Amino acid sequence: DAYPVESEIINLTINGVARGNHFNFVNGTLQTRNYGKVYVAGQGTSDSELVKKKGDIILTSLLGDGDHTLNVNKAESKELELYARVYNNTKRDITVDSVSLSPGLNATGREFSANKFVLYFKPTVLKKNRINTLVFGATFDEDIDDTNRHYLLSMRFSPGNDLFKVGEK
């Protein structure tokens, strides 16, 4: 139903998963102003289930080996990937322009992990009426475990599908 005409930031929660070298969504919902309802399904939701969820944009993070566009070193838990399936059921193509991460607060409620990282992200078009792959990588200084796995994810959504077209050499 939604026909977006402006950019908007989508703020979601995610956790690192050592086994599989993945990021994993926290399930829940988010009412946006321009993109309808964002529905974050449970982990590993299949494509046929994903298109039945009650929202305008449906996301699931996938776990387990093979769900990787990136060579992570599975011998450690420093190199992590979000491998997400995103159902765009709005009336327009959406570009995910950029992402950023902040660590969440740990158990104390008053400290955050200062585990430094490099973020990998390439702008990604979410075609409408389609389930799309969406990924970002993060490579940390220190292993991700249970003490330091909590992160806050910011994604910028914008209308359309226009991307840089490389010219001649």
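In case it trips you up, residue 1 is the first one in the sequence shown, and so on.
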- [ ] Using the B-factor values recorded in the entry, state whether the Cα atom of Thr124 falls in the lowest, middle or highest third among the modelled residues of its chain.
- [x] lowest
Open item on the list: For the chain shown, is the CA B-factor of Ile14 in the lowest, middle or highest third of its modelled residues?
Closed with: middle
Open item on the list: Based on the deposited C-alpha B factors for this chain, I'd like to know if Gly44 is in the lowest, middle or highest third.
Closed with: middle
TODO: Compare the C-alpha B factor of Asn21 with those of the other modelled residues in its chain, then answer lowest, middle or highest third.
DONE: highest
Task: Chain thirds of CA B-factor: placement of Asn161 - done: middle
